[PDB]
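2 protein chains.
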Amino acid sequence: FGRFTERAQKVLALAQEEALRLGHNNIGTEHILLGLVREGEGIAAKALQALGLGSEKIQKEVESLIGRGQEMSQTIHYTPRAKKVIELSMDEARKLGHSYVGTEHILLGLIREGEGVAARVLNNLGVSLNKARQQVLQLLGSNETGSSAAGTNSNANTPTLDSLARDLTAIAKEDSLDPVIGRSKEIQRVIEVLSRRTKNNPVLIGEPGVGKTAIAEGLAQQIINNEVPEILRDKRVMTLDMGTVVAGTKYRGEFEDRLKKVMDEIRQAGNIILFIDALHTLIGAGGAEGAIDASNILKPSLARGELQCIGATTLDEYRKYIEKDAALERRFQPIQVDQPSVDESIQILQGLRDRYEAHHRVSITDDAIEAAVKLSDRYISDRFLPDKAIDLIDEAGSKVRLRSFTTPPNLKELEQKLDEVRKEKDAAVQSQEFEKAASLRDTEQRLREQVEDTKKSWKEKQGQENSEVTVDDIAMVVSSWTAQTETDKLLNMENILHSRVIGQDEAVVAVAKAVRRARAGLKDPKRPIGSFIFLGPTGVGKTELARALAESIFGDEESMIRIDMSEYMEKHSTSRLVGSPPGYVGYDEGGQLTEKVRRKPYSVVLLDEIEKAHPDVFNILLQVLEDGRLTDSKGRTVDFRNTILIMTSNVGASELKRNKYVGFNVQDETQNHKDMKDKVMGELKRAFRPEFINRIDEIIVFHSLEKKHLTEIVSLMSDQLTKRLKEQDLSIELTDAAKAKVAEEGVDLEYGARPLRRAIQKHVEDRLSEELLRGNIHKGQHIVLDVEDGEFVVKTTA
Amino acid sequence: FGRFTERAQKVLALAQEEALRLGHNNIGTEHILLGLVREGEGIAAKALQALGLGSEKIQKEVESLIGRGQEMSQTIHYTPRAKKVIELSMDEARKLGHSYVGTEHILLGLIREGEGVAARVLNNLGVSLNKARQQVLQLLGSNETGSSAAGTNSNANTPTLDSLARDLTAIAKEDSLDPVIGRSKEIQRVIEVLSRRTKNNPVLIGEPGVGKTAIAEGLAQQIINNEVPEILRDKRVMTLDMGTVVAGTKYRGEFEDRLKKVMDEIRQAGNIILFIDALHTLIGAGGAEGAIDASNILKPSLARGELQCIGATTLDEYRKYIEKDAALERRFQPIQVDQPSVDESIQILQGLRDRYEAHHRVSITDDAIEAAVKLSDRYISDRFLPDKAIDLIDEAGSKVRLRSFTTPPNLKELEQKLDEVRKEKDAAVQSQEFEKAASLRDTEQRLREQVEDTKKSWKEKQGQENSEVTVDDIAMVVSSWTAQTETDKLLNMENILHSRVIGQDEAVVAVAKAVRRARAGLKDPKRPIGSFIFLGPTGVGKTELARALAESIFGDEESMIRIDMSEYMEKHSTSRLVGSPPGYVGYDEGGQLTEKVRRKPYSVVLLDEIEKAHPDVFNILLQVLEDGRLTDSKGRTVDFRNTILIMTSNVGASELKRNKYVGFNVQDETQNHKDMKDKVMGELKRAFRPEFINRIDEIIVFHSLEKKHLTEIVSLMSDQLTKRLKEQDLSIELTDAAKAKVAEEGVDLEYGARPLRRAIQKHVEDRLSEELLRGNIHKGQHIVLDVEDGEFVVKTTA
């Protein structure tokens, strides 16, 4: 394990001491027991001293069970009995929440292993084994502090507090207080809104997702002394805990009955504070599938102030309360809880370190915690600023902890061997062939010590991680799903985007710089990390950059939404997607676009071919580009604050699909180039209204379909083929030469660049399969596809 | 606390005196105990006197504790123990109602403090700790208020009043029933309509939400004493509560059975009055899901005149029940319950001043109450004109009480210091470094008393508040939502509307004066408190004033609806803007327009382009402006009663969106102006149909792009950028000079003033992120964006 208390460790070594002192050169449980009592009067030792066992009494018994002498100090270590007692003790401290293991637990574990020599020692010296395990437990368990005693009060409190529930005020007078770090400025604003008797109900709106609950412990403190008014003193804060309500309930009627009981006791009115977390569920308002309607009792209660309560709500929730104005608006009144500022994130992260140090990585590295924050606003980008954060931390706060125990130095070969020994040995004795197992046995246990010696030399991988979450690591984990390898991803985004988009350097650099500015963790998420228009017609490199943006920008290929503007005109998907004349935009705003981005807020959102849609759609979208939010889909709020908005457009097609070739000269090629590098940048404005486009962070231009583009199309198709074949376990690569023979059947002037897929099928798929079937090449072998002197040739390598 | 009775206080001071008299210059609880009994025969004192203890007996133990000497004082104050006894008594009086703590509670609090100097004195002088708390409980005094009674009897009346649900008359025969302030004129209207034995059912219709419930106590008082019909003499008034019915029930079948029992009990018939609040739920008729249908039993009960009852329903509720008929018709007959208005408001406030003087804030300030009302009407706006009001007083009626208990004068620094002391001291002794903690220890308590002395200088913040809710406070609290900084918001409304609409003063003053006059409670509170038409082009000042109106009239810009009337005739979009529009005028009345304002009555409702709308829509808008309410959309009533209805126009647009050119003059922007401050007053007649438009309270005038508005548009856009960045905690400001560098890229003759957003991104957004990235500027540093040499310049400021 690692991380134990003194008393424990001390009890353990004393066994070995007695090993030799009593002649039992192997420390069985008799010596562990002895160890407990030989630590004198520690919790183990002391326990044994209660039941009637001196250090003396044990070692003599111990000595009477393996005899004396048989010593020579022949490698006096534990044996498996003694090892069992230890395995148990660790859990006997885990049980008590200890991330350490002390004396008590060692006797507790000893008892657990209540057969073997220890067991016989205690049962011979007039001590019942469980009487001993009792005794240790009831002295001390886990080590902790923060406690106080003396004091009682109140009578009226009786009916309420039984039910349902713990009283927040209590635990902070018990010296079990936790701050909890908010979101401090929120707490002050509650008491104006609370110590009323007319609209006395606060309602906190933020995100889930801010750690709302942090603000709440604030209240506790102020409710005691003295901020709340003079005869509004003697306030108590009772939380209406959902967990207690569901407990003992198994029906809708029963759930209502529990709420009724709370309401009946609520007669403590106007001087009682009820805390309702996630307020919406009880009101049941809004939606097409509302929640249980507590609202009938709650509405007059809220208005009366008998239910003088505090509501904890989020981004979306509020709409469904102001709709039932005013008795949840003659009660309600709002106060601002953050869309978390970066700094608030950091302190939460730091706070939860020691328990990811139970996953034993984090605590630390500092920059890496910071990485969780800084990286989260732009890179994942999938929740709210602290939820995101902590995930980056702990993922990496385990990732390396996984990398930890993979090998000894490289002495993984030792373990492999030690296995092989057993086999030889075993089967040889199974014939017997006594000594024909023997030397193999001897070789085995030799091996074993080497194995274990260099695997606990890979305690260096513990000291590596067991306080470190790595900079690069936190970032790496953020890159993995969807500091260093996110900020290297950020800084070098352009480098990453160039390796997957061939041509359209114009486009790449434009996205790169706009995203990288935002993406440096220096732009608030409340607008896409990049808004963009991706110009050129379909087939010019637009989408491919969006994809490449997911890889570079997000650190993995994952997360890309994609919405068609052409459907929001009912004439390109009015009969390819279900609906009628009064549909299509209602599907997009009302459902598709907003729902999709709620799943991954990260996503490169591609609202394609924006010319086709009328400009009116663009106004709706415009709110996405500016605000970073839309509220649609039954009042849900979708964070496009983390998205990259990419609007593609119907731009310039004729040149921007024109190929090089010789049209008049060998300078018709260099006139497809210069011409395409002109044609995007004037065609863009014609493909849309300006109102959409200005709220876009750089206007990305993608140019033509050169000749030159043909051999780039072959290299897009062949790579998609060979990769879907990788799941089989085929490792394939195409040389440029092999893409050339494929081009031989697709330099058609009359059928374009379409035949290339078919010719890839013929020359790659079909050819690889015709080489695998013959056993010329194999799966797992790396397969190079080349053309030799004009004819394609398939070669194999490792 | 703030309130205690003599006996309590007397017990307390006597403790200190006896402390030192016996040689204890620290007043232990041992002296508090002594104190209790040294106050002779008060309930604490008496209690101890029962158990066999005199003040003498206590002091003897006390002298056997510290004893002589310690009569040299210590500036004798309490012990931490003694401070505990006081905190406990407070709760020991709360639990017995009392928030004006008496003697009993002090001995009770001693018991509570069941370990300590007292505790052991009392447990040493041979009396149980609990025998003492008993004795105090079993005699009360200073927990009552004086009421009447001298005997109790009943007859046939027994089964009914038991059940379910208590009678107003009983508590008013003890003469402890409240008036209530009301809604007094409402009570009168009942007595023809109720003292029938036929259609004897009054049915109160108002806002809920106005204090309808006030009227009910009205009846109680007048049916008892003393001049009323012989009809209403020989009657009983019984209140029926929904809460009791639901209690002990969790199914519909059980609820009906209980209701059957009630119906049987109506056998007090033709002389019994049943009060049913929220009457509608029981009849169960109408709706899309109705409610539980008591009506089968209840309907003949009303017809027979056995059930003579009082119905409490709201604006909207009634229609689908008189729709049932005709014993419903021969039951009900209507009476007017207060529709929210300013004069009525004030009277409620004043009435509940003294009762929110439980908050030692409000009662009063007079100006503050009036303000609460007047301010509420304009600044949220959402609720009802008197509910809003009382909430501000009580809101504020804690708000300054918060500012109370957080001051030392500026000696907040003391507390900070006193902490630091402990640290030094503590850590030093932990090394020990005994006297190296000592002097630090001594320095601590020097500080401490000084600290505490200046924390109790903030009894001056009590003397501020304990009957004065602060005028300014009410305003602050309304500003918290959305007199002084709301009536300065009101008075200076014009100034406030002017500051966000630059130019177009013509418009500003027109809106300003009409609302600012009106909202002082001097214009109809059942019609939009300003109606306006906003003419101009599309945009340019129109909407922007509506926003500025929200701020000035309502307190923040977040008080602005905005609905397009052209959708309520729709013939443009159906799949690119809005989902399912057909039915169109029906869509607005029947649903959408009304629903939106029903969400927020706290809004400048801006109904755009009623000019380009079906003629029915203008009629619909006309109802909003006249009635102030519309009842549609499931028979719900939408209060436009504290909205500002603003109907927009843009049929003169071209001149009103014209731009300056030279031609012959550089006074061409100021000749684009002169044309436009004319062009609106001609766009009115051309736009609309007359029947609607004339209800408008002023014709609001706007302008164009000119040369001149353009450079004002750059300053609107740059502010949208910097503000969404504030959320992360970037403090940004642009000087005019940086907005100038941006303008450099968007004063095109042929690409509009649309490029300005994009160029704001390049020169502001992009620039801030590229200045944060190199560490020149920072979050929470105020960041000035300038030009100072014809090129951009980065400054830092606090």
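As they're listed, the protein sequences go chains D and C.
Going letter by letter, the first sequence gives residues 3 to 484, 492 to 807 in the authors' numbering.
Going letter by letter, the second sequence gives residues 3 to 484, 492 to 807 in the authors' numbering.
Backbone N, C-alpha and C define an ideal beta-carbon position, used for all residues, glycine too.
Just to make sure I have the definition right: I need the residues of chain C whose C-beta is within less than 7 Å of the C-beta of residue i. Which are they?
| i | result |
| --- | --- |
| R332(D) | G211, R385, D389 |
| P204(D) | Within 7 Å Cβ-Cβ: nothing; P204(D) doesn't reach chain C, min ~11 Å. |
| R536(D) | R733 |
For residue i, which residues in chain C fall below 8 Å Cβ to Cβ?
| i | result |
| --- | --- |
| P231(D) | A360, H361, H362, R363, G399, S400, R403 |
| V660(D) | Correct list: empty, because the minimum Cβ distance to chain C is about 16 Å. |
To which residues of the same chain is residue i closer than 6 Å at the C-beta, ignoring the five residues directly before and after it?
| i | result |
| --- | --- |
| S144(D) | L98, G99, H100 |
| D475(C) | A398, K401, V402 |
Spatial neighbours of residue i within its chain, please: CB distance less than 7 Å, with the 5 preceding and 5 following residues excluded, ordered by chain position.
| i | result |
| --- | --- |
| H507(C) | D514, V517 |
Any idea what DSSP makes of residue i, helix, strand or coil?
| i | result |
| --- | --- |
| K48(C) | helix |
| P336(D) | strand |
| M726(C) | helix |
| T445(D) | helix |
| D617(D) | strand |
| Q18(C) | helix |
| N668(C) | strand |
| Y596(C) | helix |
| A120(D) | helix |
| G37(C) | helix |
| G691(D) | helix |
| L387(D) | helix |
Using a Cβ-Cβ cut-off of 7 Å, state whether residue i counts as contacting chain D.
| i | result |
| --- | --- |
| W483(C) | yes |
| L90(C) | yes |
| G4(C) | yes |
| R135(C) | no |
| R450(C) | no |
| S778(C) | yes |
Give me the chain D residues within the contact set of residue i, using Cβ-Cβ distance strictly less than 9 Å, ordered along the chain.
| i | result |
| --- | --- |
| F407(C) | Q224, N227, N228, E229, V230 |
| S101(C) | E232, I233, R235, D236, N273 |
So, does the CB of residue i fall closer than 7 Å to a CB anywhere in chain C?
| i | result |
| --- | --- |
| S343(D) | yes |
| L234(D) | yes |
| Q737(D) | no |
| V626(D) | yes |
| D259(D) | yes |
| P591(D) | yes |
| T657(D) | no |
| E372(D) | no |
| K750(D) | no |
Cβ closer than 7 Å: which chain D residues qualify as neighbours of residue i?
| i | result |
| --- | --- |
| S727(C) | Those within 7 Å of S727(C) in chain D number zero; the least Cβ separation is about 13 Å. |
| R585(C) | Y577, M578, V594, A622, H623, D625, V626 |
| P764(C) | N703 |
Tell me which same chain residues have a C-beta within less than 8 Å of the C-beta of residue i, skipping the five on either side of it?
| i | result |
| --- | --- |
| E115(C) | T31, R83, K86, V87, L90, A121 |
Legend entry - Inside the region 166–249 of chain C only - beta strand (DSSP E) runs reaching at least 3 residues: 205–208, 238–242
Legend entry - Whole alpha helix (DSSP H) elements within the region 498–531 of chain C, 4-residue minimum: 502–507, 514–527
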